[PDB]
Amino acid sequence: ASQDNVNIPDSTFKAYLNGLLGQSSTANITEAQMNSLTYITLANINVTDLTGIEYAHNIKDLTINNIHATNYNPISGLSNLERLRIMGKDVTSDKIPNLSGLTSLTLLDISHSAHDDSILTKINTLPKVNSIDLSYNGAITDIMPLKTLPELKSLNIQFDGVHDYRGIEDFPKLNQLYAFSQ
C-alpha cells in the first residue's frame, strides 16, 4: 500500500503537503511520501479537515494555529510526535481526541483555545509529556487530574479559571509553574 495515493479531501491541506514534497498544489501523494515527512506547520491558514494526516507516521512536530478544523481526530495515532501545538479560539475540548497514543510526546501546547475541564482526562496519561501549556483557556478550573502524569515538570495555567490550588502537591515531578489569575 506504500504506493497507494492518500485521500486528502481538504484542498488547502493537500496544497500545503505538496509544497513540502516539491509537487504542484493538486498533485497526488502516496502513503510513502506522507511517511517521509517530519513536520507539519499550519498557522492562520484555513484547513477544515485534517484527513490524510494519519499517514504521516514519522512527523515529530505538529504546529497548528487558528486553522478552524472540524476536529483533530486524525492525530490520535501519531505515536512519533514529540511536540504538539494546537491553538485557536474555536478549539473546544470535543475537538481533541484522547491522546494516550502519543507515547513519544514531550511537549503539549493547547493554549489560547476554548477548553474546559473535560480536556484533562484526554491528556493525563501521556507517559513522556514534560511540559503542558493550558494558558488562556478561561473555562479550565480544575487541574487536579494532571497528577497522574508521571513526567510532567512544567505546567502553564496562566489566565485560566483555576482558583483552587489543592492537589498540586500530588504532581510527582512538577518544578515549574506559571500561574496568573484573572
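Start at 1 with the first residue shown and count on from there.
K.L.:
Which is higher in the entry, the mean Cα B factor of 127 to 135 or that of 36 to 44?
P.N.:
Per the PDB entry, the higher value belongs to 36 to 44.
K.L.:
On mean Cα temperature factor in this entry, is 59 to 67 or 46 to 54 the higher one?
P.N.:
Taking the mean B-factor of the alpha carbons in each, 46 to 54 is higher.
K.L.:
According to the Cα B-factor stored in this entry, which of the following is highest: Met144, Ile119, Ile157, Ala114?
P.N.:
By C-alpha B-factor in the record, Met144 ranks first.
K.L.:
In terms of the chain's CA B-factor thirds, is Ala179 lowest, middle or highest?
P.N.:
Its C-alpha B-factor belongs to the lowest third of this chain's values.
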